[PDB]
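Q: Let me give you the structure first, and then I'll get to my questions.
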Amino acid sequence: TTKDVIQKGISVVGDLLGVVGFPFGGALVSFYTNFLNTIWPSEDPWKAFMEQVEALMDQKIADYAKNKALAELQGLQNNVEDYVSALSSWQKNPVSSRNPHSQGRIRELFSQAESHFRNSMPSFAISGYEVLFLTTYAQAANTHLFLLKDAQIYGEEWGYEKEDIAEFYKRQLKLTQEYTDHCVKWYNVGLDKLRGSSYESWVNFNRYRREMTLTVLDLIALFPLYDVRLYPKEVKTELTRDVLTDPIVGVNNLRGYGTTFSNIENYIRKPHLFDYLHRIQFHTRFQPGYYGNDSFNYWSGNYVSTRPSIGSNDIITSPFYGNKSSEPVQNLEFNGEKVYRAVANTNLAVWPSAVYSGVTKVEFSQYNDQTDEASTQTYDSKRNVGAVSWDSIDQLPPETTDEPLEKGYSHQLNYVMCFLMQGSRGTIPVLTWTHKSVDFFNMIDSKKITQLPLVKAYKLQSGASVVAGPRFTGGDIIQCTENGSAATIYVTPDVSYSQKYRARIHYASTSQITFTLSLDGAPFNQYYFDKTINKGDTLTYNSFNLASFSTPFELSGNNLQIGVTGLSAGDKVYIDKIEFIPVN
């Protein structure tokens with residue numbers, strides 16, 4: 001259910017990934033037309049976003065608050081549409097028809113929309129309804145900020161005063177911090193409100209977490225890239241966070257046999273360096289039916305193997321999950337294949353005073369980006385398979401319904417974990433996914449500013465570790481507590497000639513520090529960096545700083561190592577991303 005808003009959410013993020021940083025005029029206008037058709041066509045989408053959280057929270061917005069919100073949104077729609085039509089004409093029209101008279105038309109259409117946004121935002125954050133208005137606020141906030149950056153692109157062309165463009169920029173910086181912080185604060189409020197002890201509690205908790213990730217968290221992660229002054233070129237970036245699909249179960253009500261909240265939540269994958277699905281070992285067991293005729297085999301447990309990020313080849317194999325096989329083991333390999341879909345069959349046997357159900361068949365759809373072709377691999381219990389009851393596409397829709405699935409999908413399989421039901425009445429499989437934007441090769445683009453998340457490293461050292469991200473960076477981060485090396489990340493240059501680059505680092509630190517960069521073991525850059533937080537502070541938007549290294553360099557190697565020094569006992573440094581700026 002609610003796949004509609006989930007698709008809109010996934011699509012917007014997918015489209016924005018193409019116009020992030022300083023976009024080319026034609027691309028910007030193209031985006032805007034889809035944007036209007038997706039998010040700003042009528043009040044239906046906004047109403048659906050409200051109902052979405054109401055469904056997750058099992059609460060409703062007071063009708064008065066709901067009606068006003070919808071009213072503001074209708075007005076904002078007109079402002080956005082009037083603005084886009086005009087912007088479209090401006091881009092299309094040559095630098096000749098641009099007379100003082102048309103400049104003032106676009107200038108006031110823009111000022112109106114921007115102003116209307118600041119006036120309306122409070123309506124999507126009324127006391128007591130903050131969490132329920134979250135996806136609506138997120139989408140409105142996004143629009144407001146995306147709109148704002150246009151003033152830095154076309155400001156002078158439109159004939160705005162130097163003072164005006166500057167006021168708009170400072171306003172953009174203030175709002176990027178506020179909107180981001182607002183979303184994370186209430187996201188967490190909602191998350192905690194759903195924590196329970198039962199299996200049913202965890203499904204709700206995790207569904208909220210996944211849906212808020214796709215519609216809110218992924219979105220706010222892009223906000224900083226709207227700063228066309230800091231990002232004067234197109235930006236190549238990726239979202240590294242995990243999302244778990246709903247558990248695969250054959251029955252709607254488990255009558256208390258579902259795995260407990262803590263036995264699921266405490267065992268799912270913890271903050272880890274990025275990796276890829278490599279192999280799966282299926283274990284099968286026989287489930288007898290009370291009358292023999294109604295028996296079936298089912299997936300009882302599993303092993304999972306993943307390969308690390310580029311630069312390392314040693315395969316990581318998971319502990320055993322679930323119950324050992326009573327039947328012959330099945331192994332599926334994925335070497336390089338991208339699993340973009342998983343469809344499952346489940347079956348049930350009704351006993352006098354018990355019901356037994358399990359996953360009997362799983363069909364995986366894979367795409368080989370090397371040999372540009374799709375195919376399927378499947379697990380079959382072999383005895384009484386039943387019907388399909390679970391489709392990943394329902395939870396993780398494609399970015400585009402235009403292209404074929406192997407091209408338009410939004411996520412790929414990263415992990416499989418089997419949980420045991422209470423009193424071991426069965427097995428509950430849980431699947432973890434990662435975003436399609438993740439570049440396996442860690443490729444440094446020669447024309448764009450490339451953002452490289454530290455979790456893409458293949459090797460951590462000196463006691464460095466992966467820590468939960470602050471919810472606004474698109475993924476997890478690296479925590480450094482000691483002086484010395486920290487991480488080694490493998491890099492793939494996209495060109496052959498001696499292209500030069502400048503490096504920038506997005507970090508947080510409790511003290512003044514020194515970052516050192518090495519290529520294949522040789523230092524090439526070392527610089528001093530400011531303290532951004534106090535010991536014990538929680539990480540909010542302003543905790544992070546983005547600072548450049550002085551000197552330019554060439555990528556005469558592949559193994560980039562980041563080292564830190566200047567730490568004292570109790571000092572901590574958090575590293576989010578390293579950026580590469582193509583320089584002449």
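Order determines the names: the first chain of the structure tokens is A, the second B, and so forth; residues in each chain are numbered 1 upward, and ligands are numbered 1 upward as they are shown.
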Need to verify the contact set: residue 539 in chain A, 12 Å, only C-alpha atoms, exclusion of same-chain residues closer than 3 positions in sequence. Can you return it as a list in words?
A: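 Result of the neighbour search: residues 181, 184, 185, 467, 468, 469, 470, 471, 472, 473, 477, 507, 508, 509, 510, 532, 533, 534, 535, 536, 542, 543, 544, 545, 572, 573, 574, 575 and 576 of chain A.
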Q: Name all residues at most 9 Å from residue 175 in chain A (count only C-alpha atoms; drop same-chain ones fewer than 5 positions away) and give them as a VMD selection string.
A: chain A and resid 141 145 170 180
Q: Using the selection just defined, write its residues with N, CA, C and O atoms as a PDB file, in the first residue's frame.
A:
ATOM      1  N   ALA A 141       9.736  21.979   1.803  1.00  0.00           N
ATOM      2  CA  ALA A 141      11.060  22.513   2.134  1.00  0.00           C
ATOM      3  C   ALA A 141      11.988  22.348   0.935  1.00  0.00           C
ATOM      4  O   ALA A 141      12.677  23.280   0.530  1.00  0.00           O
ATOM      5  N   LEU A 145      13.893  25.398  -1.192  1.00  0.00           N
ATOM      6  CA  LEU A 145      15.341  25.504  -1.359  1.00  0.00           C
ATOM      7  C   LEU A 145      15.799  25.369  -2.807  1.00  0.00           C
ATOM      8  O   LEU A 145      16.734  26.057  -3.235  1.00  0.00           O
ATOM      9  N   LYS A 170      22.157  34.140   1.792  1.00  0.00           N
ATOM     10  CA  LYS A 170      22.177  33.968   3.244  1.00  0.00           C
ATOM     11  C   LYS A 170      20.890  33.304   3.719  1.00  0.00           C
ATOM     12  O   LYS A 170      20.912  32.464   4.624  1.00  0.00           O
ATOM     13  N   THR A 180      16.776  20.937   7.516  1.00  0.00           N
ATOM     14  CA  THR A 180      17.461  19.667   7.742  1.00  0.00           C
ATOM     15  C   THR A 180      17.262  19.242   9.186  1.00  0.00           C
ATOM     16  O   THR A 180      16.776  18.144   9.457  1.00  0.00           O
TER      17      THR A 180
END
Q: Please list as an mmCIF file with N, CA and C atoms, in the first residue's frame every residue within 9 Å of residue 245 in chain A, counting only C-alpha atoms and excluding residues in the same chain fewer than 3 positions away.
A:
data_model
loop_
_atom_site.group_PDB
_atom_site.id
_atom_site.type_symbol
_atom_site.label_atom_id
_atom_site.label_comp_id
_atom_site.auth_asym_id
_atom_site.auth_seq_id
_atom_site.Cartn_x
_atom_site.Cartn_y
_atom_site.Cartn_z
ATOM 1 N N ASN A 206 10.017 -0.476 11.559
ATOM 2 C CA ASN A 206 10.849 -0.584 10.369
ATOM 3 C C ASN A 206 10.194 -0.054 9.089
ATOM 4 N N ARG A 207 8.874 -0.175 8.970
ATOM 5 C CA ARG A 207 8.172 0.343 7.789
ATOM 6 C C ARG A 207 8.238 1.874 7.805
ATOM 7 N N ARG A 210 11.849 2.862 6.949
ATOM 8 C CA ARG A 210 12.081 2.740 5.511
ATOM 9 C C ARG A 210 11.350 3.826 4.703
ATOM 10 N N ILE A 248 9.235 -11.418 5.203
ATOM 11 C CA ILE A 248 8.413 -12.274 4.352
ATOM 12 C C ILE A 248 7.707 -13.349 5.174
ATOM 13 N N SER A 392 9.142 -7.467 -3.851
ATOM 14 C CA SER A 392 9.963 -6.313 -3.445
ATOM 15 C C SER A 392 9.553 -4.999 -4.121
ATOM 16 N N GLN A 395 7.431 -2.481 -2.304
ATOM 17 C CA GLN A 395 8.044 -1.677 -1.265
ATOM 18 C C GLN A 395 9.126 -0.772 -1.812
ATOM 19 N N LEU A 396 9.820 -1.243 -2.840
ATOM 20 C CA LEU A 396 10.888 -0.468 -3.468
ATOM 21 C C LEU A 396 10.604 -0.319 -4.957
ATOM 22 N N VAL A 430 14.433 -11.759 6.290
ATOM 23 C CA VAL A 430 14.451 -10.304 6.194
ATOM 24 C C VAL A 430 15.538 -9.878 5.200
ATOM 25 N N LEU A 431 15.158 -9.044 4.231
ATOM 26 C CA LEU A 431 16.087 -8.582 3.192
ATOM 27 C C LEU A 431 16.522 -7.118 3.320
ATOM 28 N N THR A 432 17.818 -6.880 3.161
ATOM 29 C CA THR A 432 18.387 -5.531 3.218
ATOM 30 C C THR A 432 18.790 -5.076 1.806
ATOM 31 N N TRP A 433 18.491 -3.816 1.488
ATOM 32 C CA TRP A 433 18.779 -3.243 0.173
ATOM 33 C C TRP A 433 19.615 -1.968 0.225
#
Q: Which residues, written as number ranges by chain, have at least one atom at most 12 Å from residue 6 in chain A, with only C-alpha atoms counted and residues fewer than 5 positions away on the same chain left out?
A: A: 1, 11-13, 38-39, 45, 48-49, 52-53, 135, 207-208, 210-216, 218, 393-399, 410
Q: For residue 201 in chain A, please output as an mmCIF file with N, CA, C and O atoms, in the first residue's frame all residues within 12 Å (counting only C-alpha atoms; exclusion window: fewer than 6 positions along the same chain).
A:
data_model
loop_
_atom_site.group_PDB
_atom_site.id
_atom_site.type_symbol
_atom_site.label_atom_id
_atom_site.label_comp_id
_atom_site.auth_asym_id
_atom_site.auth_seq_id
_atom_site.Cartn_x
_atom_site.Cartn_y
_atom_site.Cartn_z
ATOM 1 N N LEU A 56 1.191 5.249 9.090
ATOM 2 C CA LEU A 56 2.349 4.746 9.837
ATOM 3 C C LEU A 56 2.246 4.995 11.343
ATOM 4 O O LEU A 56 2.639 4.160 12.157
ATOM 5 N N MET A 57 1.712 6.152 11.703
ATOM 6 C CA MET A 57 1.586 6.553 13.096
ATOM 7 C C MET A 57 0.272 6.164 13.769
ATOM 8 O O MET A 57 0.166 6.183 14.992
ATOM 9 N N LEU A 191 10.211 7.776 15.214
ATOM 10 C CA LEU A 191 10.872 6.485 15.336
ATOM 11 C C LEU A 191 10.737 5.908 16.759
ATOM 12 O O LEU A 191 10.310 4.761 16.942
ATOM 13 N N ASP A 192 11.079 6.718 17.759
ATOM 14 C CA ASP A 192 10.993 6.311 19.166
ATOM 15 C C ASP A 192 9.569 6.000 19.618
ATOM 16 O O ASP A 192 9.351 5.101 20.423
ATOM 17 N N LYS A 193 8.600 6.728 19.083
ATOM 18 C CA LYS A 193 7.210 6.499 19.430
ATOM 19 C C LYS A 193 6.729 5.109 18.973
ATOM 20 O O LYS A 193 5.781 4.562 19.526
ATOM 21 N N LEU A 194 7.392 4.527 17.980
ATOM 22 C CA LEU A 194 7.004 3.209 17.466
ATOM 23 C C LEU A 194 7.774 2.014 18.047
ATOM 24 O O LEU A 194 7.456 0.858 17.747
ATOM 25 N N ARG A 195 8.788 2.282 18.858
ATOM 26 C CA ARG A 195 9.560 1.202 19.458
ATOM 27 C C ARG A 195 8.669 0.400 20.403
ATOM 28 O O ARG A 195 7.994 0.958 21.264
ATOM 29 N N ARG A 207 8.874 -0.175 8.970
ATOM 30 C CA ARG A 207 8.172 0.343 7.789
ATOM 31 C C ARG A 207 8.238 1.874 7.805
ATOM 32 O O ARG A 207 8.437 2.507 6.773
ATOM 33 N N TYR A 208 8.085 2.459 8.991
ATOM 34 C CA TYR A 208 8.168 3.902 9.167
ATOM 35 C C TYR A 208 9.587 4.345 8.823
ATOM 36 O O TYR A 208 9.790 5.297 8.068
ATOM 37 N N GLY A 256 1.313 -14.303 18.245
ATOM 38 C CA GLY A 256 2.367 -14.272 19.245
ATOM 39 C C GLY A 256 3.667 -14.987 18.944
ATOM 40 O O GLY A 256 4.633 -14.854 19.693
ATOM 41 N N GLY A 258 5.679 -14.443 16.400
ATOM 42 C CA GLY A 258 6.650 -13.626 15.705
ATOM 43 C C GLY A 258 7.861 -13.308 16.566
ATOM 44 O O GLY A 258 7.744 -13.124 17.783
ATOM 45 N N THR A 259 9.031 -13.272 15.941
ATOM 46 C CA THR A 259 10.278 -12.949 16.634
ATOM 47 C C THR A 259 10.124 -11.626 17.375
ATOM 48 O O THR A 259 9.502 -10.697 16.862
ATOM 49 N N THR A 260 10.691 -11.523 18.569
ATOM 50 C CA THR A 260 10.566 -10.285 19.336
ATOM 51 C C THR A 260 11.344 -9.106 18.750
ATOM 52 O O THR A 260 12.363 -9.282 18.078
ATOM 53 N N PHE A 261 10.853 -7.903 19.021
ATOM 54 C CA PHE A 261 11.471 -6.667 18.549
ATOM 55 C C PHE A 261 12.992 -6.690 18.746
ATOM 56 O O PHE A 261 13.760 -6.542 17.794
ATOM 57 N N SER A 262 13.422 -6.917 19.981
ATOM 58 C CA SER A 262 14.850 -6.960 20.299
ATOM 59 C C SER A 262 15.633 -8.065 19.610
ATOM 60 O O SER A 262 16.811 -7.893 19.301
ATOM 61 N N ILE A 264 15.145 -9.016 16.670
ATOM 62 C CA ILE A 264 15.289 -8.632 15.279
ATOM 63 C C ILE A 264 16.215 -7.401 15.229
ATOM 64 O O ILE A 264 17.339 -7.467 14.718
ATOM 65 N N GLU A 265 15.782 -6.316 15.865
ATOM 66 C CA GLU A 265 16.536 -5.063 15.860
ATOM 67 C C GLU A 265 17.983 -5.143 16.351
ATOM 68 O O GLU A 265 18.865 -4.508 15.775
#
